[PDB]
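K.L.:
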Amino acid sequence: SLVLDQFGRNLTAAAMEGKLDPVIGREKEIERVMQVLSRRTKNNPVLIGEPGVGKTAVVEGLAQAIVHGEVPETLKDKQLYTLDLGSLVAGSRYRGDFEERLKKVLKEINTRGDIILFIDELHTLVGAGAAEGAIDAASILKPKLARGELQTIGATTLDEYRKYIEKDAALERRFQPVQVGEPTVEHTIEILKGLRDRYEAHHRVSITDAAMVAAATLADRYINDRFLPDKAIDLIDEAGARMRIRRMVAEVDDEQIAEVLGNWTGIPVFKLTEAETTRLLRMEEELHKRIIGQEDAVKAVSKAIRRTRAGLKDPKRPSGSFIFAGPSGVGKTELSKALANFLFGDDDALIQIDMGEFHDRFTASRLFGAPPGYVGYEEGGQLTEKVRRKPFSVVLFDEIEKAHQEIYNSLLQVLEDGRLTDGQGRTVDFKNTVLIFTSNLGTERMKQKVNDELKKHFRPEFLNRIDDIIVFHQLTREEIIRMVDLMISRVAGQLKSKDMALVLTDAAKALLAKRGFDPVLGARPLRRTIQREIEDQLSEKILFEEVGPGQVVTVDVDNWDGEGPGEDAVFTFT
Amino acid sequence: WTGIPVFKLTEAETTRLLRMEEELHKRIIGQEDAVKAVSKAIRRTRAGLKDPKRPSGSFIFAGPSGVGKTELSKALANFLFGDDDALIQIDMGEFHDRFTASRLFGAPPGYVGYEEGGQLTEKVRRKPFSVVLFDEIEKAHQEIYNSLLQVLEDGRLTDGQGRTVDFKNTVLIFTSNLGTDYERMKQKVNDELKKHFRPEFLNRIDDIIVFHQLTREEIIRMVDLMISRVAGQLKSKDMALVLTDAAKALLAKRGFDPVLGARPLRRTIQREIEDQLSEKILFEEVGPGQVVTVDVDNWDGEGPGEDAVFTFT
Amino acid sequence: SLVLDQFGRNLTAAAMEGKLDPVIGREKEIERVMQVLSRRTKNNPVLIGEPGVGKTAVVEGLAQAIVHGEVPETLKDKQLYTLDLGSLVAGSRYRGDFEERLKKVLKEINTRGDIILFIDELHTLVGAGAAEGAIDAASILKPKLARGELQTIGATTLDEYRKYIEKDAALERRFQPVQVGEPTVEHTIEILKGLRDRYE
Ligand SMILES: Nc1ncnc2c1ncn2[C@@H]1O[C@H](COP(=O)(O)OP(=O)(O)O)[C@@H](O)[C@H]1O
Ligand SMILES: Nc1ncnc2c1ncn2[C@@H]1O[C@H](COP(=O)(O)OP(=O)(O)O)[C@@H](O)[C@H]1O
Ligand SMILES: Nc1ncnc2c1ncn2[C@@H]1O[C@H](COP(=O)(O)OP(=O)(O)O)[C@@H](O)[C@H]1O
Ligand SMILES: Nc1ncnc2c1ncn2[C@@H]1O[C@H](COP(=O)(O)OP(=O)(O)O)[C@@H](O)[C@H]1O
């Protein structure tokens, strides 16, 4: 007892005082472990599982089963000791110290005979006192473990089992695997219901059953870098901590779990208040604050985001996938910029990928990285990593028709299931991101021309996965008048920072409108008209210090009937 | 230990294995040939009467888009393991480049990522009994099939690290989209597969299955199948939806097109029911504790219904 | 304290003399850190932030909050020590010296219980001294982090996180990411107004 205690911790006395958490739902794996230790030769199981499933929890539950007495006679009255390799290695300046300590431990185990050894993180045994080919813990344990005279229990994750143990086939032979599979949703709910009491006592808060059901569902659905039941426990524990901080008896509901998840991952799953609800209902006007015209596209996107925010989106598919195909300059990109501004408050959050560069057969690997064995393997994908930074995003694929079919064959993955496997092998989540595909093709009859061009330039499946195909309409006179108003407002807002005030009469706005209309319009022209007839004149006029700072500038027009072409009209800057 | 299901067939398991054709028909409407072939393969595998060298099953699936080729594999995984996420899904859409194939089995020694190993081989070693799905196999280059060439016949793959993995107990499924009256389509699909793939690869596969186009009965049952998802989603918010049969008829009328598969129907449902119900929910017109009876007015049930709308109660 | 002063620096004692710059406008991140540090199991936050944003600034603000006493009861009068891994593995020359120093540090922390660790460049835990016969500090720390018996705070670049901690999922599990994003323009102006007195 005195020898093992300085080099290990006894889980039996830990479960005597209840210091270990109760373990429930693990009868199959614990029975598997108990039946492996009841063998004659090679009675050593190692718990292989994905990290965060309960590999140490299985051993704690077995210790509780031992101390209660549900074990058979082969595991009855057995003190389960974990072994700390760090305590063995530390303090050993010399060969004799470490090997003497390990063999004294083994002699005490074989003398008392009722200590089952536990090696958490079993991959540490390949090299303890020296390298893999010298005298260490593994080469001392191997003759003992081969005959089964030393009962030990291991725990190693999947990847480290592949890496460290499997390169040492001698230890791989002597350990019989016990797979601890990831628990289900109902299993996680049961586990949380079991662990209610400890967290309730610790955080001085009370937790409801609906809170735990919501925690399990949200943790399984959204968080895709951790594994059940750890993420559900994380959400519950963090909500309890939030209540403990905020009160300094509180209640935890699913709303607080949603808040914790929103803090953790940024996914906008919240209980909607009145102000954001009226914002969501009236957001078509909010988008129409910036974009002018094109009611169909804003309507479709409003429908998609309203469906997403109300919990009515198919969870295996993204929030929405759109093809914005229409004549150049209409505002296909500006709709995406307006979406970014609405959803995040800033426009730099729009992950914009340009398909102009992806015209070669070698550049498809930029999105999802390079395969193993090639240059760029560690960096991985550019798009996948950008998505992993923030799971809720608007992904913009600008100028689709430039890129050729290999990228779309890559993107059928995300268009169907919202998954993408980068070069490093990891799968990333796209179940919440909004996909926008902007195209410049086909330039009521324009609708059919664009549809025919897209059917000719695409395979049927890629057009089929897309939620809504939206064809942008050409602009009219009222829309370009409002565009002129918006551009002048932008100029005035930029000029506010230089101690200025700017204003235009409606005659100047009309004159700008009459010189900015043709079927090849958009905002690429009629903004060049602004830069040529307003901005340039203002710059040259303020460079030689007339109507400088503190002076309101009024842009007027003379020699114009207000209806004519206005080619002889000139802008006057008072 | 290994998870490979060799046991004594209990009566419940036996009567399930006799009746698993309609169990597959629970999630797939129509496509009797593919369900037939999958049932034959699973019956051969679980009876203990199987070729030791060849894999459990090797199928190539062909048909139009959205005829349930991936849905069949997902429902087969749901049958065997209980959930879709146990399906080992490798989509060949990322493997267009010839240099990309090293991700499948792994990096050779002396190169970066050698210690990481492959992706397909390691996931097969994790679960030796698995349904391996290869989506859109034509979109990968032809040199990628060369790695699968020997697992399709001998069921063994040699990774970069040198280990030999066992593909003997897995069900290999290929899904294609080539070819896009039934016999003419089958002949065209077979000819396209023959001229697209080398004949030494087509001979090593078990059955070539062509998916039949969806008919009116199939899509009108599939209306129910895909609205059950919305009903279950609504059940999480303490409110229920029941469709009038007129709503089902109108949804099946506006979502049917022989040119494509099932996703036009999902578009029709999503635009007619999901979006409008989202507006009604966020307006708080309807909430928890109520029922929603969706009905079609201004319609006769036979006409095309270019003016019919949906009423929500 | 006799062993930690040889290997670490006391930020609470540093905040006693006000040698740390005032931290302005980072109340949300400090609240998130105190939220994570208040948990029962896995109470280790990592400040996942781009370089140049103030990852260490968040920790010094937390130390100033602790010394000013506005923290909740679960962080009241707890000395926040930064852990200098270079000094821990500085004089070893052997196989058992570094692990002995780590055991002494952890035993002093356990017998005190009011000391929170801070690890600049948290990715240095993996491979924190790995000779032919040595066990790195990550494998020592992992059982204590999983049970929640040790409160550690980490600061790590996004890219460094992805290169190093992402490769080790066992240690990645024990740390909750805390997104520290770039301050906006107005936030930068507020920070400059805070730092006016010191720079003047
Ligand atoms: N059946 C269960 N009952 C109670 N708690 C559980 C159960 N399964 C898992 N847990 C919790 O999840 C955690 C699992 O940790 P574990 O997976 O052993 O870590 P590692 O993967 O590093 O070995 C434990 O802290 C435990 O509290
Ligand atoms: N209706 C509009 N409202 C506001 N800005 C617009 C509008 N239409 C165009 N713009 C501006 O003009 C640009 C046109 O972009 P876009 O239509 O995407 O060009 P293209 O169609 O050639 O890709 C946008 O970046 C936007 O700033
Ligand atoms: N017969 C069917 N029964 C139910 N759903 C179907 C059926 N056919 C297609 N689907 C729908 O189509 C999608 C799968 O289509 P898929 O088989 O992947 O087509 P492809 O393989 O050509 O891409 C699923 O989301 C499913 O909802
Ligand atoms: N909110 C803030 N208030 C005051 N100073 C800040 C704030 N945020 C950042 N700083 C300044 O930024 C610097 C911190 O950078 P640091 O986090 O050390 O970068 P890195 O961790 O990459 O070395 C400090 O000098 C600090 O003064």
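Line by line, the protein sequences give chains C, D and B. Going left to right, the first sequence walks through residues 168 to 415, 476 to 670, 691 to 821 as the authors' numbering numbers them. Going left to right, the second sequence walks through residues 491 to 670, 689 to 821 as the authors' numbering numbers them. Residue numbering for the third sequence follows the authors' numbering, starting at 168 and increasing by one per position. Beta carbons: idealized from backbone N, C-alpha and C, even for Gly.
Pick out whichever of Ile735(C), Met734(C), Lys209(C) and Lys526(C) has its Cα sitting closest to the Cα of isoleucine 716(C).
P.N.:
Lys526(C)
K.L.:
Could you give the first and the last residue of the continuous beta strand (DSSP E) run that contains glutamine 346(B)?
P.N.:
342-347
K.L.:
For a contact defined as C-beta to C-beta under 7 Å, what are the partners of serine 548(C) on chain B?
P.N.:
Taking a Cβ-Cβ threshold of 7 Å, none of the residues of chain B is close to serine 548(C); the smallest such distance is about 27 Å.
K.L.:
Can you tell me the Cα-Cα spacing of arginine 314(B) and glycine 763(D), whole angstroms?
P.N.:
In this model, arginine 314(B) and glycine 763(D) are separated by some 55 Å (Cα to Cα).
K.L.:
How far does the alpha helix (DSSP H) with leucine 594(D) in it extend, from its first residue to its last?
P.N.:
Residues 592-595.
K.L.:
Below 8 Å, can you find three or more Cβ-Cβ pairs linking the segment 646-659 of chain D to the segment 536-546 of chain D?
P.N.:
yes
K.L.:
Less than 6 Å between C-beta atoms, sequence neighbours within five positions excluded: which residues of the same chain meet that for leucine 312(B)?
P.N.:
Taken in chain order, the residues that qualify are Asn211 and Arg341.
K.L.:
Output yes if chain C places a C-beta closer than 8 Å to the C-beta of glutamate 353(B); else output no.
P.N.:
no
K.L.:
What's the C-alpha gap between residue 461(C) and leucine 638(D)?
P.N.:
The model contains no atoms for residue 461(C), which sits in the stretch where chain C goes from 415 to 476 directly.
K.L.:
List the DSSP bridge partners of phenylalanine 664(D).
P.N.:
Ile550(D) and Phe624(D)
K.L.:
In this structure, does DSSP put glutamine 246(B) in helix, strand or coil?
P.N.:
strand
K.L.:
What residue from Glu316(C), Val476(C) and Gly538(C) has the CA that sits closest to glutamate 367(C)'s CA?
P.N.:
Ranking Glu316(C), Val476(C) and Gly538(C) by Cα distance to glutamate 367(C) puts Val476(C) first.
K.L.:
When you compare the CB of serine 254(B) with every CB in chain C, is at least one pair closer than 8 Å?
P.N.:
no
K.L.:
Given a limit of 7 Å on CB to CB distance, which residues of the segment 560-572 of chain C reach chain D?
P.N.:
none
K.L.:
If you measure from each residue's Cβ to the nearest non-hydrogen atom of ligand 2, which ones come out under 5 Å, in chain order?
P.N.:
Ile518(C), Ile519(C), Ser555(C), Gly556(C), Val557(C), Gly558(C), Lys559(C), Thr560(C), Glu561(C) and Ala770(C)
K.L.:
Check whether chain C comes within 8 Å of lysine 209(B), counting only Cβ atoms and requiring the distance to be less than that.
P.N.:
yes
K.L.:
If you check the beta carbons only, do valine 731(C) and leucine 749(C) fall under 8 Å apart?
P.N.:
no
K.L.:
Figure out for me which residue from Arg616(C), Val804(C) and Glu725(C) has the closest Cα to the Cα of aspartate 392(C).
P.N.:
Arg616(C)
K.L.:
Tell me the DSSP bridge mates of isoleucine 286(B)?
P.N.:
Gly321(B)
K.L.:
For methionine 415(C), go through chain B and note every residue whose CB falls closer than 9 Å to its CB, in chain order.
P.N.:
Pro239, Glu240 and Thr241
K.L.:
Beta carbon of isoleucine 781(D): closer than 7 Å to some heavy atom of ligand 1?
P.N.:
no
K.L.:
Any idea if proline 542(C) is buried or exposed, counting beta-carbon neighbours within 10 angstroms, 16 or more meaning buried?
P.N.:
exposed
K.L.:
Check each residue's C-beta against every heavy atom of ligand 4 and list, in chain order, those closer than 5 Å.
P.N.:
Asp188(B), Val190(B), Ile191(B), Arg193(B), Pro218(B), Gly221(B), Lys222(B), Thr223(B), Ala224(B) and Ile358(B)
K.L.:
Could you check whether the Cβ of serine 259(C) sits closer than 8 Å to any Cβ belonging to chain B?
P.N.:
yes
K.L.:
Can you give, in chain order, each stretch of the alpha helix (DSSP H) that sits fully within the segment 704-740 of chain D and has at least 4 residues?
P.N.:
707-710
K.L.:
Near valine 220(B), which residues of its chain fall below 8 Å by C-beta distance, leaving aside the five closest residues on each side in sequence?
P.N.:
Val347, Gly348, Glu349 and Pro350
K.L.:
Just to make sure I have the definition right: I need the residues of chain C whose C-beta is within less than 7 Å of the C-beta of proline 310(B). Which are they?
P.N.:
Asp287
K.L.:
Which residue spans inside the segment 755-780 of chain D form an unbroken alpha helix (DSSP H) run of at least 4?
P.N.:
If you keep only unbroken alpha helix (DSSP H) runs of at least 4 residues inside the segment 755-780 of chain D, you get 771-777.
K.L.:
Would you give the residue range spanned by the alpha helix (DSSP H) that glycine 361(C) belongs to?
P.N.:
352-361
K.L.:
Just the chain C side, please: which residues come within less than 7 Å of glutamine 231(B) by C-beta, in chain order?
P.N.:
The premise fails here: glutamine 231(B) is roughly 18 Å from chain C at the closest Cβ pair, so nothing lies under 7 Å.
K.L.:
Give me the Cα-Cα distance between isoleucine 634(C) and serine 736(C), rounded to the nearest whole angstrom.
P.N.:
40 Å
K.L.:
Which of the three DSSP states, helix, strand or coil, is assigned to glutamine 784(D)?
P.N.:
In the structure shown, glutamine 784(D) sits in a helix (DSSP, three-state: H, G or I).
K.L.:
So, under 8 Å CB-CB, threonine 241(C) and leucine 214(C) are touching, yes? Tell me the CB distance rounded to an integer number of Å.
P.N.:
No, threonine 241(C) and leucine 214(C) are not in contact; Cβ-Cβ is about 19 Å, not under 8 Å.
K.L.:
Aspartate 281(C) and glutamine 231(C) - do their beta-carbons sit closer together than 8 Å?
P.N.:
no
K.L.:
Given 8 Å as the limit, is there contact between the segment 514-524 of chain D and the segment 553-563 of chain D, that is, 3 or more CB pairs closer than that?
P.N.:
yes
K.L.:
Measuring alpha carbon to alpha carbon, tell me which residue in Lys195(C), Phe394(C) and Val380(C) is nearest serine 744(D).
P.N.:
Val380(C)
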